[PDB]
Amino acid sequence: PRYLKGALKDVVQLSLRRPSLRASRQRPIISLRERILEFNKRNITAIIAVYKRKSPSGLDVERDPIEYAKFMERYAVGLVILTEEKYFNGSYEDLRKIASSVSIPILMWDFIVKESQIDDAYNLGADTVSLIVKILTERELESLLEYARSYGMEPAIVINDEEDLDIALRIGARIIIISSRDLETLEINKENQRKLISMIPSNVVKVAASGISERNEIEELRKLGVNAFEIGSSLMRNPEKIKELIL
């Protein structure tokens, strides 16, 4: 991984030791990227709803993962399921239960630093995984990206600054998540998020993440070329808010 410090260094060290699992995938790969593009063509707002029980940026919410995913299946373009355990209270069992229950695309969000974590995502039923530029070297990014594609997965590349975006382009990213939240400081900077979006080629699928809570924000980001919107804590607290955000 990169040279890190503090809690980011901690979660990366823990992820390096994450025990792998054994299971049989019993699901096709259902591409998040393609379904975004399909929603864009049908002029349907594409919201990726996040399931996360805990985070550094919110209070805990303990709610049924299957109900949440079944409710979201009718509205969301895909689901993001947290599997990081210490800081997000996620689990691979959340992802397994949800993947077994619904047929929309699923992104496993975790600090992916080794190949066995991509095996775990594939074997559990995730369609894609988050590759976070803040923690991975160029060499690690290129290698894990190729390994995920060997399973037929197209990872989402997570960025929050210009240097991250340059690396995401260098590695041939096809879907980028532009998060307005800095993973180390938890600051939300939407001016920087718009500047990053303006520098991404038109043929890369763009997902805006963090701090989105209003239909007016979505409309304005769509007009700037954003293709989909990752929305977490607002929907964890009030899942049915998705109906209004898509209207």
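Numbering starts at 1 and runs along the sequence shown.
- For the two regions 179-187 and 36-44, the entry's Cα B-factors average higher over 36-44.
- Higher mean CA B-factor, judged across 90-98 and 137-145 from the recorded values: 90-98.
- In the PDB entry, the Cα temperature factor peaks, among 117, 160, 103, 123, at 103.
- Ranked against the other modelled residues of its chain, the C-alpha B-factor of residue 195 as given in the entry falls in the middle third.
- Compared with the other modelled residues of the chain, the Cα B-factor recorded for residue 63 ranks in the middle third.
- Residue 154: CA B factor lies in the lowest third for its chain, per the PDB record.
- The PDB entry assigns residue 52 a C-alpha temperature factor belonging to the middle third of its chain's modelled residues.
- Looking at the C-alpha B-factors along this chain, the one for residue 164 belongs to the middle third.
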